[PDB]
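# Coordinates in review
The chain contents come next:
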Amino acid sequence: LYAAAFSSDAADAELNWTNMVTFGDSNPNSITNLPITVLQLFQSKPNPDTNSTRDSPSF
Amino acid sequence: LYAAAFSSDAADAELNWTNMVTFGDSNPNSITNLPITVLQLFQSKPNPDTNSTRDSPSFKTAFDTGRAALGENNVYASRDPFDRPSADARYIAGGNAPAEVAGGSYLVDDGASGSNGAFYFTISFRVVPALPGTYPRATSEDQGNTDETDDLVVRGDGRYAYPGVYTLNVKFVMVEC
Amino acid sequence: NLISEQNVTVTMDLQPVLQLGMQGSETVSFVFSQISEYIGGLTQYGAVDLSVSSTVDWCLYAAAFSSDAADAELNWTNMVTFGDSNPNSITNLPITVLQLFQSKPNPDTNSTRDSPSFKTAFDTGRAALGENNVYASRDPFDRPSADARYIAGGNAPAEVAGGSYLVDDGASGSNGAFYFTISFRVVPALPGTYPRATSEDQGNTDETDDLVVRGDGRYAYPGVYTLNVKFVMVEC
Amino acid sequence: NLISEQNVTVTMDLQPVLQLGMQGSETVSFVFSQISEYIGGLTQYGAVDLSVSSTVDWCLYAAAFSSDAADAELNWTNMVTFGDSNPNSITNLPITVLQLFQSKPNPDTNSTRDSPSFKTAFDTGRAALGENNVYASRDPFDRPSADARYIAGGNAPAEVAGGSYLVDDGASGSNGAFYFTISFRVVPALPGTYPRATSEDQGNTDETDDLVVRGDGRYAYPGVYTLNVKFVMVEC
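Procedures and definitions
- Residues numbered from 1 in each chain as written, not as in the entry; some residues may be left out.
- Chains lettered and ligands numbered in written order.
- Part of a larger assembly, values for the part shown.
- Heavy atoms only, no water.
- 1 Å grid on protein atoms, 1.4 Å probe; cavity = no way out; pocket = protein on both sides within 12 Å on 5 of 7 lines; lining within 4 Å.
- Points joined across faces, edges and corners; volume = space filled by probe spheres on them.
- Nonpolar A, V, L, I, M, F, W, Y, C, P; charged D, E, K, R; others polar.
- Core = buried A, V, L, I, M, F, W, Y, C linked by side-chain atoms within 4.5 Å.
- Buried < 20%, exposed > 50% of the residue type's maximum accessible area, 1.4 Å probe, protein only.
- Helix = DSSP H or I, 4+ residues; strand = E, 2+ residues; numbered from the N terminus.
- Contact = heavy atoms within 4.5 Å.
- Buried area = accessible area lost by both parts, 1.4 Å probe.
- Salt bridge = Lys/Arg side-chain N within 4 Å of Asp/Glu carboxyl O.
- Polar contact = N/O pair within 3.5 Å; in protein donor to acceptor, adjacent residues only side chain to side chain.

Structure determination for this entry, per the PDB record, employed cryo-EM and reached 3.22 Å resolution.

### Observations regarding empty space enclosed by the protein
Summed over the entire model, instances satisfying the criterion amount to three cavities of 30 Å³ or more. Across the lining of the largest cavity, the residue classes tally to six nonpolar, three polar and two charged.

### Notes on the nonpolar core
Residues and elements named next belong to chain D. The biggest cluster of nonpolar side chains holds 41 residues, and the ones touching the most others in it are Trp58, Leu60, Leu100, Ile151 and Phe231. At the level of elements, β2 (42–54), β3 (58–65), α2 (67–70), β8 (150–152), β10 (179–186) and β13 (228–235) are the ones that each hand at least two residues to this core. When residues of this core are assigned to their parent elements, the largest contribution, five residues, is made by β3.

### What to know about the interface of chain C and chain B
If you look at the interface, chain C gives 26 residues, while chain B gives 32 residues. Buried surface at the junction of chain C and chain B, summed over both partners, amounts to about 2500 Å²; 58% is from carbon and sulfur atoms. Among the residues chain C hides against chain B, the three largest losses belong to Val10, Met12 and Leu14 of chain C. Together they make up 26% of the total. Run the count over chain C and chain B and you get one salt bridge. A salt bridge links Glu5 of chain C to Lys171 of chain B; the nearest nitrogen and oxygen atoms lie 3.2 Å apart. Applying the counting criterion to the chain C and chain B interface returns nine residue pairs in polar contact.

### Quick look at the pattern of salt bridges
Within the structure shown, the criterion is met by eleven salt bridges over all chains. Of the charged contacts in the structure, one is a salt bridge between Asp71 of chain D and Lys119 of chain C, with a shortest N-O distance of 4.0 Å. Placement of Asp71 of chain D in the loop between α2 and β4 (77–81) and of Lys119 of chain C in the loop between β7 (99–102) and β8 (135–136) is noted, with the two residues assigned to different chains. Residue class for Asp71 of chain D comes out partly exposed when judged on its relative accessible area of 36%. Between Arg214 of chain C and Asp209 of chain C there is a salt bridge, with its nearest N and O atoms 3.5 Å apart. One salt-bridge network, in which partners are shared between bridges, spans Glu73, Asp209 and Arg214 of chain D.

Printed below as a string of structure tokens:
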């Protein structure tokens, strides 16, 4: 069992949140390209069986 | 495989959402006539085999923002959805001509299996009105696949959707090639 | 054409979202302690900032109210009286004592009596009598008549298009027709009456309703009075 | 790879939170009772203390206003007149008469005329004429021009980064660029004119707008006048 983040922009190879509207007027230094990995998940139990290499093998 | 939008009003040749009740008191500029193509579908995989003429031959294009796309995700609106769609409609897997995907199952593998095969599709729905009340992303009923607006301002130039309950049917038809 | 279909039902529920936000204190308190406070009156600018969002065409209006007004007596609700006694000192104050001033003009309106909005400048003396007085009503949950005072809209289908103060269609933010700042004024006089009060035909007429109208020599009895002002956004 | 999946849709609503708090009285009262008050003027330090929080880069400015100003006449709103009468006593006082003084310098600004902020010291006499006068406008809800008087920011994308006076990034608390204490001053003169008023080109010019400019021999009519000062934080 795993959890994968996704979006239509991600389906088009751009791992971003899908924008729908922009509150405000404007500013050049305001990009509507947010990373998908902004969200964080926390698990309840530990992983019963895992063998991974990088950082933590579970949430 | 294709997806067709439908309703009883559509069965009576008027491609509209079926109203059930109206919230509020009243207003002359409030119509219970919404385009069927208001809904937008987004496909997961690209179309394995397709050859179309108008706009995009599938729902693979990403969910665009504002009145920019106008046709890349709108549902195929039809009044008689049991006949195979014409050569320029939007299929999910295949096309009007013998441009199709071979027979098989999502259970046994010939190449890839499971959700990686061409026998499994996940579809995302979107409906986006605008606070002016219209639907900027609706397209006209040429075939549901054109870059021509069908907002409520097209009907009256100053009307908004009348608050209430509306109902639409989406049927995913798997026809033989 | 042999097929195998699966049908999903989409049930869209277009609810009538009307959202009026306020960026001021719920309680607006006038404390008349100084002589100048009595003679010149008290004014609080920008006491209420209304931000508007609506799905449908809307009309915004301000209606004054009170429990006494709910019982058909358009008066301030007394709570206590300071002092000992005087025959010519009545605790019956008119609701139209309060005056509101609007920041923007009314985008779309037509009316018959005086000004259809609170845009008029705060006049001095008993010269205006009706260009800023509140819409005093005993039942403010029905839409006001054609000659009342609306803040944004009118009785007829003279309204402003649905939208929000967040996203831009033309102008955005506080420049749009979806943001209004309202100033309050209450001005008594040294004799004790309220020269700027108007009679309660609809609150929008040039007929004075001072305490002398009640008794010809009456002044306000010192004490605590309470009045309600509700800003109603009603669909058109 | 046969699977069975369940999908959740996450909808983050990034709203433009702009939060301006103040730790002073809403009503600031100037009571000129003694001769020295008329001659030297009245000054109140630390009348308001603005604390700022914002999601987006912002510009803070202070704009004077009134109902007369809302009707395109930048004047104090009169309410009552003390005295009997005199031909040379006009109740039309300039809005730019009030003077604001800032505590911190302007963190980032590029302006055209005179000073870009209220940081200059309270000068004595008709010597400064524009280094402290308020930005007087009839429509203060649209962003001021490139040569007006901002408090923290400017018309162009010259601004201060989003943040709060609570959490620290560099400095925190009252030492950051998110906290400003503002002093007020109004100085009349014994002749009755107001020598520190400037003409309303933008409220920021070295051209006097005394009552002698109106009439060359009129002094202020004793009475009660009211003016509004609104501190606006606008997005950049």
